[PDB]
Protein chains: 2
Amino acid sequence: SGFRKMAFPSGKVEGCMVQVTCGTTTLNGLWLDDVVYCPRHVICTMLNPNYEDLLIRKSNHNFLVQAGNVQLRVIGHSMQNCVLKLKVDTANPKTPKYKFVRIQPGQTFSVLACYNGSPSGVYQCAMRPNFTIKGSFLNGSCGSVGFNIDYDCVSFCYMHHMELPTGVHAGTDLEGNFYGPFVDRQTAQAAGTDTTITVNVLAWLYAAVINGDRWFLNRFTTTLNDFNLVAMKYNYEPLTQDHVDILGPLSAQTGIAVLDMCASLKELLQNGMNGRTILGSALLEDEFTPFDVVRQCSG
Amino acid sequence: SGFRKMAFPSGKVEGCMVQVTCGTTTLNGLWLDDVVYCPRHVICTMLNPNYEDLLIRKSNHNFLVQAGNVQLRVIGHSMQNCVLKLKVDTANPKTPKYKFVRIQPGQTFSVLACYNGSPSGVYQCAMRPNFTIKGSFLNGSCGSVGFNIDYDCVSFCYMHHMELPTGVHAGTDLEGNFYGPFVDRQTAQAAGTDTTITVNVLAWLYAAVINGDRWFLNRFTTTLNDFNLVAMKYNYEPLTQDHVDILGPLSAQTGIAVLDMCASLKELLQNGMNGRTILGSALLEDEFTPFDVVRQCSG
Ligand SMILES: COCCOc1cc(Cl)cc(-c2cc(-c3ccccc3C#N)cn(-c3cccnc3)c2=O)c1
Ligand SMILES: COCCOc1cc(Cl)cc(-c2cc(-c3ccccc3C#N)cn(-c3cccnc3)c2=O)c1
């Protein structure tokens, strides 16, 4: 038992992290096969850059890629959206089985924070409904990646590009498309107002039941439609029938109907917690997906 | 910016995890050089075991060690306190630079949860003042290890042995000595009443200041002695002058005197938070050490 903010083991991604240097700028890159992926803003000095221009003025030799202690020779460079791809002469022998995936808001992933191509730490986060992530990133972290692992396949879903003025974080999928409306320019950009991920909050309530916190349960039930009326009021995402279906296995294992759990959340939203806690939290946690809960509570 | 429950990258430990099988029991082992370390209760079937007896009745062939897909041949076995050491014919080529350390309560470490010798997830935790840890562990997790990484040296500090009836967790250092009063027997054992780690709470308050949460600061100061009187009342560990000194660099970087921050904690203990949060928490977090904060906030 127990329930922790748990990341995937990071080894398979550690073996892919490199340092990419272009002029005075250093940041991190992802070395898979004979290709190195990094934020294209590594070629900037960029209040309003034209990256087609900045890249036409570069040659392979303007890029220094360092893997461990060995320099890798760049033998070609290109742009795919907001990611720079650097072809190298040597194919990373530690390349895992992998895929690139573009995740939906509300999905979670592990982040391997890296500096100068050296991994620093690993943590879990979620793609917020407003397409930011609440990460932990210092200067030099751009190019650090987010990922999930399934069996032995690393699904890369995030590459870090920018910290916004609010201290939240924005980046791309590994094909270089930003999550959300953001662009890689040093210009005024605000995220939409964020909302709480309802289906995850419910999954975490089921995790709490699986671990013996029950003080919030009740005999009541609600209709999907009546619950959503409360959710909107408290800036929660609407719950869909597909969410209800995805919560199926947990509802079964705990014998608690999804719409029964929705009645608990209603009370907690209305009456707060009154000084008690759930899985060691004094507020409602929304960065565990239903599949995260099942993974960690029952393997 | 941002502040997360951050673990060390787990790759160097992943390359050491094996499966150890003795009879009907399977659990995890740590393969370093030509030696495999695992809980000695792998040889039990143990309401009151005599491990000297149970081990004299075993031969090398009673132990199956599986690393990846290859079986490793056991060429010798011994007991050191509560850890079984299995000498193997082949020295793990992925052995990192490493040391065994016995940590003090209040120190944090990363945990690599493993099942059948396969890493499952990584998370941070702390050694509680009562020498338990609040981990996340399912059946089969025994032998999973906790560790810190310094430069490139893995300091192993924990091996998982038991879940207590309260759902908290007990284990040993890597030389097999339990933290706390626990013994590896299926018998009534309760942990001491736990307390909150004051110096860590203060470190986390400094992290919050470094990230722009300041609503809890005040103009007041307190004496070390007066603060401890409040701490005792709220089941906080006494703060020592050595704690004050360890908080030195943070106090400086933020320009906030340790004893000034102690005045804030007093208020928060007395008046609670009144519906506001700190680093995304509605309660006082005590599983970040002063060195964790410095690592993550300023590298
Ligand atoms: C729209 O919102 C405002 C932010 O505008 C941008 C836009 C663009 Cl194109 C990029 C950036 C940005 C750049 C660099 C950088 C700069 C020079 C050398 C190395 C690095 C690294 N590495 C670093 N960071 C950063 C800092 C701390 C945490 N995370 C990310 C950044 O955000 C910020
Ligand atoms: C004093 O407190 C009560 C617990 O008494 C003990 C004492 C002793 Cl010697 C051991 C245990 C114990 C054993 C086994 C086990 C048993 C058989 C086969 C494989 C495994 C694994 N692996 C598993 N676990 C466990 C379960 C879930 C989370 N963490 C640990 C355990 O605690 C529990």
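Residue numbering: from 1, along the chain as shown.
Backbone N, Cα and C define each Cβ position, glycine as well.
What Swiss-Prot records for this protein:
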CROSSLNK  A:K5  ubiquitin cross-link
ACT_SITE  A:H41  active site, for 3CL-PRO activity
CROSSLNK  A:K87  ubiquitin cross-link
ACT_SITE  A:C142  active site, nucleophile
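Shown here: features listed in Swiss-Prot, placed on the structure.
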residue	record	Cβ neighbours (10 Å)
A:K5	ubiquitin cross-link	21
A:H41	active site, for 3CL-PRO activity	22
A:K87	ubiquitin cross-link	15
A:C142	active site, nucleophile	25
Short-range recorded positions relative to chain B, from A:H41, A:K87, A:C142, with Cβ separation under 8 Å: none
A:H41 (active site, for 3CL-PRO activity) versus A:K5 (ubiquitin cross-link) - Cα distance in angstrom: 32
Listed recorded positions with Cβ under 6 Å from ligand 1, out of A:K5, A:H41, A:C142: A:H41, A:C142
Spatial reach required of the 3 unmodelled residues, as Cα distance in Å from A:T45 to A:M46: 6
Rounded to the nearest Å - Cα separation of A:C142 (active site, nucleophile) and A:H41 (active site, for 3CL-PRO activity): 9
A:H41 (active site, for 3CL-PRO activity) and A:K87 (ubiquitin cross-link), distance between Cα atoms, whole Å: 17
Local backbone state of A:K87 (ubiquitin cross-link), from DSSP in three classes: strand
